[PDB]
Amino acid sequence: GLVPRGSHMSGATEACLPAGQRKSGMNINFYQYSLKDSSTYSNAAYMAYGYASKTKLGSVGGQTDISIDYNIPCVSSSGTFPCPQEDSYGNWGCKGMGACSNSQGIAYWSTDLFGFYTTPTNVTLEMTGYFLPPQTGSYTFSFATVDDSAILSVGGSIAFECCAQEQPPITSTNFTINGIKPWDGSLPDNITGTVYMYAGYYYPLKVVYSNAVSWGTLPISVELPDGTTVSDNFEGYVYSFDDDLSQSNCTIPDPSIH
């Protein structure tokens, strides 16, 4: 057969070929999220798009280093230092620092999240951009843990529409990784989602992450078709393009036959 037959039942993930100037990294938008709100981010509609109905706090572009690792301060005898959550103990201290005099349960302001000055204790952020696979095959995205609630979505019309990265979020809840905080309790670690991608096509990628209290954590990785893993620093894999809603040919519904 002269040509490949195509993925069965239109099963290929939609990708894009934006024609404009590529820029390294993802866009990060920040939205208000209330301290100690442990219920809003438990809803799929909120995590897919509703987050954008709350106040937009700001944004930062061009981010390649995308894992989240936010530690609250311990106000200690020797000064004020971030405490790794596994080093917190009692009511409360931080190993190596003694007892901390400050509350774990108030908002704290920091530039930890991508340099943007906000409250990582209580915030929702949206990362958007396009993933560029260097190799054709199965990619397995993962979150090592989720503190507090997160989704990851890959593909045109799942993450966002091709050539329309800057538009309001779309309503798809077909998450690649569903790390939404359960109403009852929470999820295992090493939560994962696989996508088959064709080299050289740009795959829309959206991550939505929220925290309600104190520590925030979202270690992001992808395993490539060759079995290697890229963790935290996605330089060379993630890009942004300015919207071009006029670019007629931008959407590739089936890269398996394009």
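Think of the rigid core as the biggest set of C-alphas that the two forms share within 1.5 Å after superposition. Residue numbers here begin at 1 and follow the sequence given.
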Compare 187-195 with 205-213 and report which one shows the larger root mean square C-alpha deviation from this form in 7 other deposited structures of this protein once the rigid core is superposed. 187-195
Is 178-186 or 147-155 the stretch whose C-alphas end up farther from this model in 7 other deposited structures of this protein after a rigid core fit? 178-186
Output the stretch having the higher mean C-alpha B factor in the entry; the candidates are 163-171 and 84-92. 163-171
On average, are the C-alpha B-factors higher in 70-78 or in 101-109? 70-78
Scanning 27, 43, 214, 221 for peak Cα temperature factor in the entry gives 43
Reading the B-factor column of the entry, which of 179, 185, 133, 156 has the highest value at its C-alpha atom? 185
Taking the values exactly as deposited, rank residue 204 by C-alpha B-factor within its chain and report the matching third: lowest, middle or highest. lowest
What third of the chain, by the recorded C-alpha B-factor, contains residue 16? lowest
CA B-factor placement of residue 35, once the chain's modelled residues are sorted into thirds: lowest
Is the Cα B-factor recorded for residue 64 in the lowest, middle or highest third of its chain? middle
